[PDB]
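Step one of this worksheet: look at the structure below.
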Amino acid sequence: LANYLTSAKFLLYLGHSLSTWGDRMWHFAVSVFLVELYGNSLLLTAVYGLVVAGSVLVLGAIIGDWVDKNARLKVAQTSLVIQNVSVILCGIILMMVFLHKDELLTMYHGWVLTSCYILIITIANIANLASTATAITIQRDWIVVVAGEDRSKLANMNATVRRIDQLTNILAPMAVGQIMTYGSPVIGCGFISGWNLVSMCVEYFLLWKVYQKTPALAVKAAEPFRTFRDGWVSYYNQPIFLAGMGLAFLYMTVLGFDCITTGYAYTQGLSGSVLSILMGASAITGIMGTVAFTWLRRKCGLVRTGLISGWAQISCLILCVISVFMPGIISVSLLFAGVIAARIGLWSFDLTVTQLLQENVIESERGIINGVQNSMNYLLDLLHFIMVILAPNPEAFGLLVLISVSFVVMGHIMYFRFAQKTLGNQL
Amino acid sequence: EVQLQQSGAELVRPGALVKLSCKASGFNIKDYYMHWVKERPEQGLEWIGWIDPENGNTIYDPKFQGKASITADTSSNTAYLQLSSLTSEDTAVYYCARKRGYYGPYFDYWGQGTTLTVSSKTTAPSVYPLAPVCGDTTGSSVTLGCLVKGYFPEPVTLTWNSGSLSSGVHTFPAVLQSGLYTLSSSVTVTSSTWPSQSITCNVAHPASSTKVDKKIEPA
Amino acid sequence: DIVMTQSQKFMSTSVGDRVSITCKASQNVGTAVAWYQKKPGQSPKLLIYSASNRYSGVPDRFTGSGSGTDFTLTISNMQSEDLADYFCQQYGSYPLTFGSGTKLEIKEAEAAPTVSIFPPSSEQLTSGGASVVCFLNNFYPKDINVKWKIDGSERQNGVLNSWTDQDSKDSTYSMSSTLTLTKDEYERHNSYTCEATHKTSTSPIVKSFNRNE
């Protein structure tokens with residue numbers, strides 16, 4: 001109400017919300033635009049996910065550092081402006097190459113392929129970097145200062161941000177469809193790009209204000225390769241390190257949300273509305289996670305929540321494996337059951353480890369460690385992204401699921417070890 | 001201004017209970033973890049445990065898990081430590097400290113410290129003192145002295161000459177013996193006031209109001 | 001458990017000197033080591049956290065360095081507000097452990113004690129016990145040893161030695177031992193001697209009295 005709406009705790013609740021939705025939308029849009037040009041194959045457009053992984057996976061630590069180095073206002077403005085400009089340029093070039101010229105021959109083994117690939121992949125790198133940086137340079141840092149010394153509300157805000165993310169992630173494609181309907185390829189691109197400009201412009205003033213509000217944020221304290229090395233050594237030392245690893249390990253499992261399990265599940269295609277119902281069940285589990293986390297966090301020690309969520313995950317995965325076991329329709333239904341209960345457990349778990357990383361890290365080293373946490377998540381996600389190929393055969397797409405379950409077990413056991421090495425071995 | 005004020009100066013017969021308090025001011029006990037630390041007389045710091053005031057979770061050092069109970073009250077904004085089945089070993093200064101995460105890099109703010117004394121005695125002091133000078137050839141500085149011994153349980157302030165003393169006044173730290181205490185203090189100056197018009201020792205044990213004077217006569 | 005160790009209990013320094021205090025873990029802590037300073041009768045205050053960061057508001061002459069297992073606090077151009085105790089805490093894992101501490105001390109030249117023996121007092125002599133005090137005063141290095149030779153028999157039992165703290169005017173020290181014998185014990189013997197084996201001179205400073213006197 002009124003004040004509450006102009007309470008910074010919410011203002012940000014939008015600023016980040018505008019960034020999430022818009023960014024996801026742009027990403028999906030470009031993805032479709034590409035696959036529309038060259039038939040989605042092993043090499044065509046498949047390169048895109050891979051290069052976006054690699055980019056951040058290598059560059060994160062140094063972003064996060066530079067963040068830590070500079071101011072708060074200035075760095076946030078640079079992160080936003082850059083992203084906006086990048087998206088704008090990308091859309092412009094896309095339209096230009098969409099209209100004027102669509103297939104010409106150059107010299108020195110150069111074709112609209114090599115040329116557009118280089119230009120758009122540079123644009124993609126820029127945009128992705130912008131989004132992923134505008135996060136550790138704003139999200140985790142702002143949640144730590146805006147929240148204040150007080151926890152309670154900080155954790156509530158973290159859960160709220162996790163929810164919004166799940167919503168946007170499940171609302172971006174839907175909007176992209178309606179955008180195909182009227183917007184199409186020739187104009188649709190131009191529209192979402194101009195929008196992003198508007199979104200970016202608004203976010204700029206929003207954050208200027210939020211900073212005007214809680215004044216704490218004015219307070220602070222081979223060169224790139226050296227910086228990356230320093231960030232990695234800093235991340236290995238921290239006592240939280242163990243749990244951090246656990247987090248990334250979970251980003252390894254393939255079965256979950258939309259991926260190869262969904263691709264093999266789409267093959268069966270129960271019915272057109274059946275897929276929508278499955279998507280709704282997923283989103284529900286994702287949200288019903290954050291509530292569970294908040295409750296447990298209140299009722300039992302934070303470290304303790306993690307272990308419990310872990311048992312939960314593992315249990316639903318018992319379901320999944322015994323399903324594929326088919327021992328003494330069915331198995332398919334069970335697969336989604338498992339992915340779902342997994343979703344709830346997993347999302348709690350993430351919320352905890354996020355809070356850990358959020359408080360047990362010195363002020364100055366805030367960026368670098370979150371940066372590295374990204375990179376590790378991407379590195380562990382790369383294996384799952386590299387697991388799409390080399391065994392894309394959905395025939396024995398059961399042993400790969402067993403391997404994912406094994407990795408999950410490893411991560412959970414690592415988190416259990418961290419917990420024991422933290423509180424008394426008695427729970 | 002963040003402070004932690006502690007209850008002070010308890011004296012406890014052994015085998016009893018005691019509860020030591022730590023009241024925070026300027027922050028919320030609930031946003032932090034509260035740690036208890038023990039510093040024995042001439043010994044290193046030792047960690048007792050922490051309590052998470054939100055849910056009341058306590059973690060202890062395995063050597064304190066029997067006889068330490070950390071509790072907290074957020075409404076009063078105060079943390080407590082209960083020591084049970086006390087012994088002679090328990091005498092130490094207890095500190096209350098404030099840490100932010102499970103792995104906060106430091107204890108930024110600390111409690112003033114609470115001396116806890118576990119003993120079963122209570123008496124007055126016995127001030128016996130004398131200068132010695134015999135068979136000497138040339139006087140050094142007549143080096144008079146005092147010996148307060150068997151004090152039941154207090155901190156004496158034996159000062160000589162009643163502020164007429166000099167920098168030549170060395171007060172030897174007290175030490176326990178048969179559960180009583182013992183001290184000493186020496187003076188050596190102005191080799192002319194030895195034998196002649198001289199000064200005296202005045203020692204005053206507050207816990208027994210033993211404010212006694214004793215002028216040290218020659219050998 | 002990780003057992004932090006500080007080899008030196010004492011470090012003898014001078015004003016304007018660079019003093020380096022060392023701390024050594026028992027396992028790989030990483031950079032999980034903070035440095036506290038406490039003065040006599042006070043609470044420990046922060047200096048340096050995560051082994052290199054300098055807490056906000058401590059002078060710029062306190063430096064911290066190290067990683068892995070061997071760490072160092074470093075005072076450059078020591079002042080007179082630095083004579084204190086320093087200890088390293090590890091927060092790598094629970095239970096927390098502290099370093100046992102390292103006490104600084106201004107360093108003087110050298111000196112020998114003015115031993116002074118004092119025979120039992122009359123009022124104590126009627127009190128079932130006779131305590132003989134020796135007052136070694138204005139010494140050099142802290143450590144010293146006394147000699148409880150009654151009839152040239154070193155009595156190791158029933159002694160009590162109490163040393164002062166470095167005086168703020170001469171950086172010296174002092175000590176006082178007292179053999180506590182019985183009223184039947186001071187009687188059955190004849191000799192009473194105290195000797196100070198300080199490093200100042202190989203010829204011990206022995207003072208003694210006679211029960212005949």
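Following the order of the structure tokens, first chain is A, next is B, and so on, with residues numbered from 1 inside each chain and ligands from 1 in the order they appear.
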
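Backbone DSSP over stretch 31-202 of chain C gives helix (DSSP H, G or I) for residues 122, 123, 124, 125, 185, 186, 187 and 188 of chain C.
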
File of the preceding selection, N, CA and C atoms, as a compact mmCIF listing (two decimals), in the first residue's frame:
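Writing done, so here's out.txt:
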```
# COMPACT_ATOMS: atom_id res chain seq x y z
N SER C 122 58.31 -11.73 64.41
CA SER C 122 57.94 -12.21 65.74
C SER C 122 56.49 -12.66 65.79
N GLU C 123 55.57 -11.79 65.35
CA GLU C 123 54.15 -12.13 65.40
C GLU C 123 53.84 -13.37 64.56
N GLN C 124 54.52 -13.55 63.44
CA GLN C 124 54.35 -14.78 62.69
C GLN C 124 55.00 -15.96 63.40
N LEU C 125 56.10 -15.72 64.12
CA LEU C 125 56.82 -16.79 64.79
C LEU C 125 55.97 -17.46 65.86
N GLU C 185 59.45 -26.37 62.25
CA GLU C 185 60.39 -26.60 61.16
C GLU C 185 61.50 -25.55 61.14
N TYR C 186 61.15 -24.28 61.32
CA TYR C 186 62.18 -23.25 61.42
C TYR C 186 63.06 -23.45 62.63
N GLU C 187 62.60 -24.21 63.62
CA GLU C 187 63.36 -24.41 64.85
C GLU C 187 64.41 -25.50 64.68
N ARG C 188 64.01 -26.66 64.16
CA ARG C 188 64.90 -27.81 64.07
C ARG C 188 66.04 -27.63 63.08
```

Give as a PyMOL selection string every residue of chain A that touches chain C within 6 Å, counting only C-alpha atoms. chain A and resi 237+239+422

When you look at stretch 80-94 of chain A with a cut-off of 8 Å (counting only C-alpha atoms), what residues show up, excluding the ones that are within fewer than 6 positions of it in the same chain? I need them as a ChimeraX atom specification. /A:26,120,123-124,126-127,130-131,134,189-190,193-194,196-197,200,203-204

Restricted to N, CA, C and O atoms, what would the selected residues look like written as a PDB file, in the first residue's frame?
```
ATOM      1  N   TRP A  26      14.054 -11.845 -24.712  1.00  0.00           N
ATOM      2  CA  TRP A  26      15.073 -11.565 -25.759  1.00  0.00           C
ATOM      3  C   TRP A  26      15.841 -12.844 -26.106  1.00  0.00           C
ATOM      4  O   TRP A  26      15.934 -13.171 -27.301  1.00  0.00           O
ATOM      5  N   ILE A 120      26.614 -11.886 -34.803  1.00  0.00           N
ATOM      6  CA  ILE A 120      25.506 -12.170 -33.846  1.00  0.00           C
ATOM      7  C   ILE A 120      26.053 -12.875 -32.611  1.00  0.00           C
ATOM      8  O   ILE A 120      25.484 -12.665 -31.561  1.00  0.00           O
ATOM      9  N   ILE A 123      27.392 -10.246 -30.524  1.00  0.00           N
ATOM     10  CA  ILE A 123      26.240  -9.544 -29.888  1.00  0.00           C
ATOM     11  C   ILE A 123      25.712 -10.405 -28.735  1.00  0.00           C
ATOM     12  O   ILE A 123      25.485  -9.854 -27.652  1.00  0.00           O
ATOM     13  N   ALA A 124      25.578 -11.711 -28.968  1.00  0.00           N
ATOM     14  CA  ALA A 124      25.036 -12.682 -27.995  1.00  0.00           C
ATOM     15  C   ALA A 124      25.929 -12.670 -26.762  1.00  0.00           C
ATOM     16  O   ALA A 124      25.395 -12.524 -25.674  1.00  0.00           O
ATOM     17  N   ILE A 126      27.983 -10.364 -25.711  1.00  0.00           N
ATOM     18  CA  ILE A 126      27.763  -9.056 -25.023  1.00  0.00           C
ATOM     19  C   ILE A 126      26.477  -9.123 -24.188  1.00  0.00           C
ATOM     20  O   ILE A 126      26.575  -8.975 -22.965  1.00  0.00           O
ATOM     21  N   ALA A 127      25.341  -9.419 -24.822  1.00  0.00           N
ATOM     22  CA  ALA A 127      24.026  -9.453 -24.141  1.00  0.00           C
ATOM     23  C   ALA A 127      24.043 -10.415 -22.948  1.00  0.00           C
ATOM     24  O   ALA A 127      23.629 -10.000 -21.858  1.00  0.00           O
ATOM     25  N   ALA A 130      26.175  -9.137 -20.144  1.00  0.00           N
ATOM     26  CA  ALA A 130      25.376  -8.056 -19.527  1.00  0.00           C
ATOM     27  C   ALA A 130      24.361  -8.658 -18.552  1.00  0.00           C
ATOM     28  O   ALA A 130      24.476  -8.371 -17.374  1.00  0.00           O
ATOM     29  N   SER A 131      23.454  -9.513 -19.025  1.00  0.00           N
ATOM     30  CA  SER A 131      22.415 -10.108 -18.143  1.00  0.00           C
ATOM     31  C   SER A 131      23.046 -10.779 -16.914  1.00  0.00           C
ATOM     32  O   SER A 131      22.766 -10.326 -15.784  1.00  0.00           O
ATOM     33  N   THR A 134      24.845  -8.170 -14.619  1.00  0.00           N
ATOM     34  CA  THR A 134      23.806  -7.258 -14.050  1.00  0.00           C
ATOM     35  C   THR A 134      23.096  -7.978 -12.905  1.00  0.00           C
ATOM     36  O   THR A 134      22.299  -7.350 -12.182  1.00  0.00           O
ATOM     37  N   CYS A 189      11.163  -8.800 -34.011  1.00  0.00           N
ATOM     38  CA  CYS A 189      12.482  -8.474 -33.501  1.00  0.00           C
ATOM     39  C   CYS A 189      12.586  -7.004 -33.154  1.00  0.00           C
ATOM     40  O   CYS A 189      12.985  -6.645 -32.038  1.00  0.00           O
ATOM     41  N   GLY A 190      12.231  -6.139 -34.100  1.00  0.00           N
ATOM     42  CA  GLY A 190      12.317  -4.716 -33.834  1.00  0.00           C
ATOM     43  C   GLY A 190      11.515  -4.321 -32.614  1.00  0.00           C
ATOM     44  O   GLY A 190      11.952  -3.497 -31.806  1.00  0.00           O
ATOM     45  N   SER A 193      13.080  -5.457 -29.315  1.00  0.00           N
ATOM     46  CA  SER A 193      14.295  -4.702 -29.065  1.00  0.00           C
ATOM     47  C   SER A 193      13.971  -3.310 -28.550  1.00  0.00           C
ATOM     48  O   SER A 193      14.539  -2.859 -27.546  1.00  0.00           O
ATOM     49  N   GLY A 194      13.066  -2.615 -29.218  1.00  0.00           N
ATOM     50  CA  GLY A 194      12.723  -1.292 -28.755  1.00  0.00           C
ATOM     51  C   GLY A 194      12.212  -1.373 -27.339  1.00  0.00           C
ATOM     52  O   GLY A 194      12.532  -0.536 -26.485  1.00  0.00           O
ATOM     53  N   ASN A 196      12.979  -3.584 -25.010  1.00  0.00           N
ATOM     54  CA  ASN A 196      14.119  -3.709 -24.133  1.00  0.00           C
ATOM     55  C   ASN A 196      14.746  -2.353 -23.888  1.00  0.00           C
ATOM     56  O   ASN A 196      15.100  -2.040 -22.755  1.00  0.00           O
ATOM     57  N   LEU A 197      14.816  -1.506 -24.913  1.00  0.00           N
ATOM     58  CA  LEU A 197      15.315  -0.152 -24.677  1.00  0.00           C
ATOM     59  C   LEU A 197      14.492   0.566 -23.619  1.00  0.00           C
ATOM     60  O   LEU A 197      15.041   1.185 -22.693  1.00  0.00           O
ATOM     61  N   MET A 200      15.069  -1.082 -20.235  1.00  0.00           N
ATOM     62  CA  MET A 200      16.404  -0.634 -19.759  1.00  0.00           C
ATOM     63  C   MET A 200      16.295   0.792 -19.205  1.00  0.00           C
ATOM     64  O   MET A 200      16.710   1.010 -18.050  1.00  0.00           O
ATOM     65  N   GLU A 203      14.460   0.813 -15.841  1.00  0.00           N
ATOM     66  CA  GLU A 203      15.342   0.184 -14.822  1.00  0.00           C
ATOM     67  C   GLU A 203      16.391   1.199 -14.355  1.00  0.00           C
ATOM     68  O   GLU A 203      16.646   1.256 -13.135  1.00  0.00           O
ATOM     69  N   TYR A 204      16.968   1.965 -15.286  1.00  0.00           N
ATOM     70  CA  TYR A 204      17.974   2.947 -14.931  1.00  0.00           C
ATOM     71  C   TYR A 204      17.434   3.880 -13.874  1.00  0.00           C
ATOM     72  O   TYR A 204      18.030   4.033 -12.798  1.00  0.00           O
TER      73      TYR A 204
END
```

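The spacing separating atom CA of residue B:50 from atom CA of residue A:425 amounts to 15.3 Å.
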
Long-range neighbours of stretch 25-38 of chain B as a PyMOL selection string, 7 Å cut-off, only C-alpha atoms, 4 positions minimum in chain: (chain A and resi 149-151) or (chain B and resi 1-4+45-54+74+77-78+92-100)

Could you write out the selected residues, including C-alpha atoms, as a short mmCIF file (atom, residue, chain, number, x, y, z; two decimals), in the first residue's frame?
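Final file, selection_8.cif:
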```cif
data_model
loop_
_atom_site.label_atom_id
_atom_site.label_comp_id
_atom_site.auth_asym_id
_atom_site.auth_seq_id
_atom_site.Cartn_x
_atom_site.Cartn_y
_atom_site.Cartn_z
CA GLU A 149 21.99 -6.71 9.07
CA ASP A 150 18.52 -8.16 9.78
CA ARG A 151 17.87 -11.55 8.11
CA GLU B 1 26.75 2.51 19.41
CA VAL B 2 26.72 -1.26 19.79
CA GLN B 3 27.41 -2.65 23.23
CA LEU B 4 27.16 -5.90 25.14
CA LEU B 45 40.81 -18.30 25.02
CA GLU B 46 38.42 -21.23 24.75
CA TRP B 47 35.14 -21.50 22.90
CA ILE B 48 32.05 -22.76 24.72
CA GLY B 49 29.30 -22.59 22.12
CA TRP B 50 26.80 -20.51 20.23
CA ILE B 51 23.05 -20.11 20.24
CA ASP B 52 20.88 -19.04 17.33
CA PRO B 53 18.30 -16.89 19.13
CA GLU B 54 15.64 -17.29 16.38
CA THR B 74 14.98 -12.02 22.29
CA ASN B 77 17.48 -8.90 23.98
CA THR B 78 19.82 -10.92 26.18
CA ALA B 92 37.82 -17.77 34.49
CA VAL B 93 36.61 -14.57 32.72
CA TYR B 94 33.58 -15.34 30.46
CA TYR B 95 33.08 -13.30 27.28
CA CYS B 96 29.98 -12.90 25.17
CA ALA B 97 30.67 -12.29 21.50
CA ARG B 98 28.67 -11.54 18.39
CA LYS B 99 29.12 -13.19 14.98
CA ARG B 100 27.08 -12.72 11.84
#
```
